[PDB]
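J.: Following this: a sequence and the matching experimental structure.
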Amino acid sequence: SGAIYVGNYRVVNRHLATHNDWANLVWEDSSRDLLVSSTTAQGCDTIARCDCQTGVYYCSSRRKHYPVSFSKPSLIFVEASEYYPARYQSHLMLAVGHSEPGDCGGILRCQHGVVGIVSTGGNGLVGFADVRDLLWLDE
Ligand SMILES: CSc1ncccc1CC(=O)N1CCC[C@H](C(N)=O)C1
Ligand SMILES: [Zn+2]
């Protein structure tokens, strides 16, 4: 689990969104595994606006942060689960690293700020849903 709080927005994995997230929906995209809902309180996370390919992610299944090299956002094939059929997930970045399903929502950060959140994994590869292109999160 985990979310990004910026301004009056909350960014979470769409497959983990709550009833309150859907009742205050701003935007959602199944192909990206993202959902953004509105909040009453002000968020202070900084979103990175860059093309960094190195960062640090939080892995809850190890209670540790790991430094990683990651690919540019792209369309990557993702196996079926209880939340989605087998499909291509867009805006996804992969890195060599550990993850388990409950790790979804852990933040990936670079020197400029928040890059994305853990969204997929398997075979020693972890995938992050990019949020750097969502320029509207700041206004
Ligand atoms: C960190 S997730 C993970 N990690 C290791 C093994 C397995 C997983 C689980 C996983 O990949 N997904 C299940 C939940 C939805 C995901 C999606 N975006 O389609 C796919
Ligand atoms: Zn950066």
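T.: Here it is on my side, so go on. Numbers count the residues shown, from 1 in each chain. Ligands and ions are numbered 1, 2, ... in the order given.
J.: Can you list the buried residues in stretch 100-120?
T.: 103-110, 113-120 (16 or more other Cβ atoms under 10 Å). Using the backbone N, CA and C atoms, a C-beta is placed for each residue, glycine as well.
J.: restrict these to contacts with ligand 2.
T.: residue 110 (Cβ under 5 Å from the ion).
J.: can you name the two of the buried residues of stretch 100-120 that are farthest apart?
T.: Using Cβ to Cβ, the pair of the buried residues of stretch 100-120 lying farthest apart is 113 and 120, separated by 22.0 Å.
J.: so what's the residue of the chain most remote from its centre up against?
T.: Most distant from the centre of the chain: residue 40, at 21.8 Å, with distances by Cα atoms, centre = their mean. By Cβ atoms under 8 Å, 6 or more residues apart in numbering, the contact list for residue 40 reads residue 8.
J.: now it: how far from ligand 2?
T.: Here residue 40 is placed at a distance of 30 Å from ligand 2 (Cβ to the ion, to the nearest Å).
J.: and what of residue 137?
T.: Taking Cβ to the ion, one finds residue 137 at 15 Å from ligand 2.
J.: Could you find the closest non-adjacent residue to that residue?
T.: residue 6 (5.1 Å; Cβ to Cβ, 6 or more residues apart in numbering).
J.: That neighbour and residue 45 touch, don't they?
T.: Yes: between residue 6 and residue 45 there is a contact under Cβ atoms under 8 Å: 4.9 Å.
J.: host element of the residue farthest from the centre of the chain?
T.: Take DSSP states H and E as the rule and residue 40 turns out to sit in strand 34-44.
J.: Pull up the pairing partners for that strand, direction included.
T.: Strand 34-44 has the following strand partners under DSSP bridges: strand 4-13 (antiparallel), strand 25-29 (antiparallel).
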